[PDB]
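Right, one structure below, let's go through it.
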Amino acid sequence: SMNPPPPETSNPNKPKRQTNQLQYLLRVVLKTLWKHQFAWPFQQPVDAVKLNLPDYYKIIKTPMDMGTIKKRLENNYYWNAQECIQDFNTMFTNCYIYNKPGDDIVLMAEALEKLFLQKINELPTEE
Ligand SMILES: Cn1cc(-c2cccc(C(F)(F)F)c2)c2sc(C(=N)NC3CCS(=O)(=O)CC3)cc2c1=O
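Under the numbering used here, the first residue of the sequence shown is numbered 430, with each subsequent residue one higher.
See below:
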């Protein structure tokens, strides 16, 4: 029933970089998804108390959300693009694991994921 602490967005000893791919992930990928009309359920960690989802964190053991990803990008938490791409994919997969096909939240995730896939297709080559 209770909420876990959110995923880490700061860790001083963790290796990190500012690469042109990571800059694209923030300026193009995150910003495109964040402004979408269906972004709002994904802009912060799932609040299992408020949403009355006492099973959520018993089923979803690797939670992820765009609020976390935004903070990780802004605070240069990542080493490479793949780490960030994996976070987006975790977020989508979590939604499909927890919910039913055709549920509103799944339809919203699908719409965001289509855009994500389009933008990652244009990920720039490493400089
Ligand atoms: C990632 N995520 C996010 C939400 C969510 C977050 C903030 C607000 C809201 C809300 F309620 F205001 F719309 C939803 C939710 S809500 C939800 C939910 N209640 N899912 C049920 C759908 C019907 S079911 O039979 O599949 C049981 C779970 C799942 C998720 C989610 O994964």
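Note that the Cβ used here is the ideal one computed from N, Cα and C, for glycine as well.
Delimiting residues of the alpha helix (DSSP H) encompassing residue i
{"i": "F521", "result": "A510 to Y527"}
{"i": "residue 407", "result": "Outside the displayed span of the chain (430 to 556) sits residue 407, for which this structure offers no information."}
{"i": "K499", "result": "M495 to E503"}
{"i": "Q447", "result": "No alpha helix (DSSP H) contains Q447, which DSSP labels as neither H nor E."}
{"i": "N550", "result": "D533 to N550"}
{"i": "residue 401", "result": "A query on residue 401 cannot be resolved here, the shown segment of the chain reaching from 430 to 556 and no further."}
{"i": "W463", "result": "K460 to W463"}
For residue j and residue i, believed in contact at Cβ under 8 Å, the rounded distance
{"i": "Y506", "j": "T438", "result": "6 Å"}
{"i": "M520", "j": "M537", "result": "Wrong, their Cβ atoms sit about 12 Å apart, outside the cutoff."}
{"i": "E555", "j": "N449", "result": "7 Å"}
{"i": "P435", "j": "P474", "result": "5 Å"}
{"i": "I534", "j": "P470", "result": "6 Å"}
{"i": "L459", "j": "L502", "result": "6 Å"}
{"i": "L454", "j": "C513", "result": "5 Å"}
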